Amino acid sequence: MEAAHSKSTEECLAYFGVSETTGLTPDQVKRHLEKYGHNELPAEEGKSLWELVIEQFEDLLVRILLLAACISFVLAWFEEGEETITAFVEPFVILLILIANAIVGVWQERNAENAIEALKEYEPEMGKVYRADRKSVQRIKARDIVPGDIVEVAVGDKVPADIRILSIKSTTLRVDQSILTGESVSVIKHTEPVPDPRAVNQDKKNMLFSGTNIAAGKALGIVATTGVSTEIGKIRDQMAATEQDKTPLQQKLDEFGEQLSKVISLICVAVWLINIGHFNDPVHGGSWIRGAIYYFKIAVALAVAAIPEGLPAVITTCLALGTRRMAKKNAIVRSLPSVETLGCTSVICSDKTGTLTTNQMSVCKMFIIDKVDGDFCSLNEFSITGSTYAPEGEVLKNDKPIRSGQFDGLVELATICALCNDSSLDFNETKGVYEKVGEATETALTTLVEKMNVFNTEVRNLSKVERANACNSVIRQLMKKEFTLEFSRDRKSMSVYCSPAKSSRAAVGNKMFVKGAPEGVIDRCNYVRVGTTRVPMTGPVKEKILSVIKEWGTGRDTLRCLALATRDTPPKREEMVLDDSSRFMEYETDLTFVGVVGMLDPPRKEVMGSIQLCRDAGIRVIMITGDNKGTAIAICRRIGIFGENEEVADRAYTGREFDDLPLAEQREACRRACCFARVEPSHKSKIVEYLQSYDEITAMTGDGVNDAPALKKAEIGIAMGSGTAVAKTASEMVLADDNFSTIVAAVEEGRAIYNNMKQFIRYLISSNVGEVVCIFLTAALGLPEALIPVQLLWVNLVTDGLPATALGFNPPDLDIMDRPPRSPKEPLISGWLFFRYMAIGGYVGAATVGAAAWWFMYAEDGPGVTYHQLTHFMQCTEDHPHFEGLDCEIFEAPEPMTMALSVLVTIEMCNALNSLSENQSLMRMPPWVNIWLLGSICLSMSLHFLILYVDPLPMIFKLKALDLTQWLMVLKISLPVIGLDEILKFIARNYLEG
Ligand SMILES: [Ca+2]
Ligand SMILES: [Ca+2]
Ligand code: NA
């Protein structure tokens with residue numbers, strides 16, 4: 001649709017043939033989407049520096065490698081010598097392996113695109129519309145909104161696509177077009193057409209331009225244009241693919257690739273140079289070319305082995321799957337470039353209500369008198385689980401569940417809470433959640449009796465709507481309330497006068513149930529209830545009761561307490577003044593103390609644990625609440641932000657106090673603050689500013705238009721899944737949960753994703769490092785070369801493939817939240833890490849050149865055994881009186897090479913087990929933790945076996961099956977690679993971090 005602003009509502013509806021009371025049909029949507037595409041901009045090409053300096057470079061290499069092989073394949077024809085056979089299939093074997101490499105490459109790239117695809121499911125559905133499907137509004141991804149269907153916009157929403165306003169349901173509809181036209185001053189709309197077709201957006205006040213925000217009202221409309229066809233998309237098209245920007249990690253990675261592209265090139269060009277003295281050997285026929293050709297094939301083959309392939313794919317895969325787990329836990333992170341930042345979070349500033357706290361008053365403790373003797377009493381104390389108004393949870397005594405019917409005192413406690421109460425519960429079928437009806441403080445009582453269920457009423461098989469007030473009803477049917485003595489500030493308590501239900505004894509069994517602040521109520525009690533009996537109140541008894549009420553309203557929980565009492569013999573109704581509350585205290589006298597309930601707005605699920613996790617991880621937690629300072633502090637001791645007894649009159653501030661401080665102090669307050677109470681919305685921005693001024697990577701929560709600035713400023717802006725869309729747009733994450741615990745879990749995944757990358761890099765670099773020195777360890781010394789081209793390619797295929805990919809699937813480390821947050825500034829590879837690389841490799845490199853030299857030096861039950869100089873072996877055909885019964889060509893035996901290659905392979909398969917964790921000993925993180933890794937180790941081992949025990953093969957790669965005795969020589973030479981690293985792990989896990 002075009003110029004919809006010019007046409008009328010009727011015209012626009014006719015354009016796509018749709019009534020605003022039915023909406024687009026399935027047939028229509030299918031076609032329109034096909035014809036108009038999705039509502040979004042095109043994804044820009046992703047040709048990184050790594051793809052050109054690494055990926056493209058290795059491709060070229062393997063081509064010229066095959067080319068070198070074909071050159072000599074042709075020269076092997078003009079060779080009047082004996083028609084060889086092994087070097088005759090070389091060109092074929094090379095092309096073959098290269099195919100295998102490709103198979104693995106596509107597999108990895110397919111995992112990545114598939115992992116990415118599985119993400120579209122969790123993308124936020126910011127867009128409501130009416131389609132012929134349902135006769136009720138429907139939610140859908142903004143990208144799935146095709147021009148034509150009917151959309152519904154409301155307050156605090158973001159315009160998904162360009163829409164022509166059809167009907168304004170509210171009295172007025174204001175919009176914020178600042179993002180495009182140029183002004184935050186909301187604009188008024190109408191549904192009339194704008195005659196001038198060539199008019200500016202600021203004049204098309206009958207259209208809702210995508211990317212704009214609703215300042216007020218509700219409206220119905222029809223989609224005119226989507227995607228880049230958008231009015232904003234045609235301004236955002238100037239930023240479409242014309243850009244130059246990369247995340248801090250991408251810059252480090254490219255810097256790494258570019259520097260690897262140099263190290264490999266050099267060391268390899270060096271291999272061909274330090275061997276020019278072998279271009280004329282007899283084993284090459286004495287050709288100054290065929291010899292240079294042979295080594296060129298090694299220098300390029302070593303390069304291929306060296307180069308760590310599959311990085312982009314593995315990283316993208318870890319990142320994509322990692323983000324899935326986040327969404328699986330309600331952490332919705334749209335921008336992948338954000339998880340990097342998320343992983344470095346060092347400060348989380350969180351609102352209290354609904355995020356740290358449930359905001360649903362709950363009774364968690366209660367007590368009744370147990371026994372009374374000698375004017376002293378013991379108490380029956382109980383705790384109740386469950387943290388919402390929902391009738392779910394149980395009563396416990398000494399942490400063991402008990403039935404409340406078992407204590408007659410509790411039956412009366414429940415009676416009183418069910419009757420002295422003007423509230424009720426209600427299950428909202430829409431939201432599928434229990435909600436309160438009336439004061440939260442009373443509903444906590446309603447919900448408590450539901451959990452108590454003193455008369456063991458059957459509810460397990462009841463409806464969610466019936467269950468809501470089930471138990472309260474049972475009680476209301478046994479007792480009839482005839483009137484209420486309204487709460488009075490004079491006495492701080494209230495009461496209900498009741499009588500037995502369906503009772504014919506009008507003047508028999510009448511009671512008054514009292515609830516109120518502890519002091520006044522306790523003071524008007526001359527009796528104490530014990531089970532169903534009553535004994536006089538005594539000082540000691542009154543003192544005990546009051547002390548536990550102190551402990552509760554003072555301890556780390558600061559529970560709000562209510563005393564519940566009963567006037568056993570209430571006055572006659574005829575003798576009660578019902579219009580003068582100042583007379584109520586008297587009517588509520590001569591009471592019998594029954595019990596005390598202690599309630600609070602409890603922490604959300606896992607919040608308290610998540611907070612300890614934060615502290616363990618060096619992540620500061622800052623609470624922002626509306627409560628007064630004194631209570632905010634209470635709430636912080638309660639959830640764990642502040643210790644039970646910890647001076648915090650320096651880490652908590654009200655906006656009043658904060659505003660009274662000068663710039664340097666305010667900033668100073670933020671480097672150490674843990675709590676901000678009664679604060680202004682403009683304060684969140686200052687807080688973020690000051691935090692950032694200390695290099696803290698900041699996460700800030702928000703849910704309204706007033707929070708957008710701060711969520712934008714913050715490195716990790718966190719919007720409530722239940723808040724306005726304006727906030728969500730301005731953020732890096734959305735809590736589908738609204739739960740603070742979900743933020744901490746997201747930070748954890750972020751750290752986890754980073755690690756897998758590092759472990760992935762360590763294995764590939766440490767291993768391949770040795771491969772390189774190995775070739776040099778024999779060249780520098782002078783020993784006989786232990787690896788030929790096809791052998792190098794074989795190691796590559798077997799060690800840089802599936803095994804490495806598998807590390808991408810490594811579980812979360814164990815000390816992941818026991819380390820401080822990573823600094824975006826620190827280098828990709830720390831000096832200690834580079835040492836850990838040059839150490840693990842330095843070994844495998846020698847453990848290989850040595851694995852073959854062993855066959856020649858201190859051989860065991862095997863030939864050769866000339867442990868003297870092998871250095872000048874190129875002189876065995878110059879002075880043979882040095883050997884004792886063996887042919888010089890013994891150095892050309894496939895025995896040695898079969899060892900070096902079998903060690904080089906099994907050892908790297910071992911080093912892969914060292915990469916299951918960064919610092920955790922295989923003892924703590926068993927190798928069977930990554931099943932995929934083990935499976936890859938098999939496949940790799942099987943293939944190496946097949947390449948040895950399948951007659952045709954062993955001749956191709958110049959090898960020979962080794963007996964059960966020669967294999968154990970590999971292990972005793974390979975297993976120590978674990979030991980070596982396992983030691984370094986001890987060094988770091990103990991002397992470096994701790
Ligand atoms: Ca490689
Ligand atoms: Ca390797
Ligand atoms: Na932000």
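When a residue number appears, it is its place in the shown sequence, counting from 1. Both backbone and side-chain heavy atoms feed into the values below; hydrogens, waters and symmetry mates do not.
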* side chain to side chain contact (heavy atoms under 4.5 Å, CB included) with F957: which of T898, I947, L948? -> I947

* Kindly assign one of parallel, tilted or perpendicular to the pair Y295 and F279, based on the angle between their ring planes and the thresholds 30° and 60°. => parallel

* Taking the six-membered ring for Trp, are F92 and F73 parallel (under 30°), tilted (30 to 60°) or perpendicular (over 60°)? -> perpendicular

Quick check: do [X] and [Y] have side-chain heavy atoms less than 4.5 Å from each other?
X	Y	value
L787	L904	yes
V93	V89	yes
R819	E918	yes
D815	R989	no
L781	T871	no
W107	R110	yes
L933	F809	no
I307	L61	yes

For the atom pair [atom1] ([X]) and [atom2] ([Y]), what is the distance rounded to the nearest 0.5 Å?
X	Y	atom1	atom2	value
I94	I99	CD1	CD1	12.0 Å
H882	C876	NE2	SG	9.5 Å
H284	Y294	NE2	OH	6.5 Å
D813	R751	CG	CZ	11.0 Å
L321	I753	CG	CD1	9.0 Å
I937	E908	CD1	CD	12.0 Å

* To do: May I ask you to decide if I840's main-chain N or O and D981's side chain share a donor-acceptor pair within less than 3.5 Å?
  => no

* If only atom types and distance count, is the side chain of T778 paired as donor or acceptor with the main-chain N or O of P784 below 3.5 Å? -> no

[X] to [Y] - nearest heavy-atom pair and separation:
X	Y	result
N796	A305	OD1-CA, 3.4 Å
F57	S265	CZ-OG, 3.8 Å
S48	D254	CB-OD1, 4.4 Å
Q920	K985	O-NZ, 2.9 Å
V314	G808	CG1-CA, 4.1 Å
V977	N914	O-ND2, 3.4 Å

* Asked: Does the side-chain hydrogen bond (donor to acceptor under 3.5 Å, both in side chains) test come out yes or no for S767 and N911, once each step is laid out?
  -> CA-CA 7 Å; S767 305; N911 196 30; 2.9 Å; yes

* Look at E79 together with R290 and state whether they make a salt bridge at an N to O cut-off of under 4.0 Å. => yes

* Asked: Relative to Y754, does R822 satisfy both conditions: NZ or CZ under 6.0 angstrom from the six-membered ring centre, and within 45 degrees of the ring's axis?
  -> yes

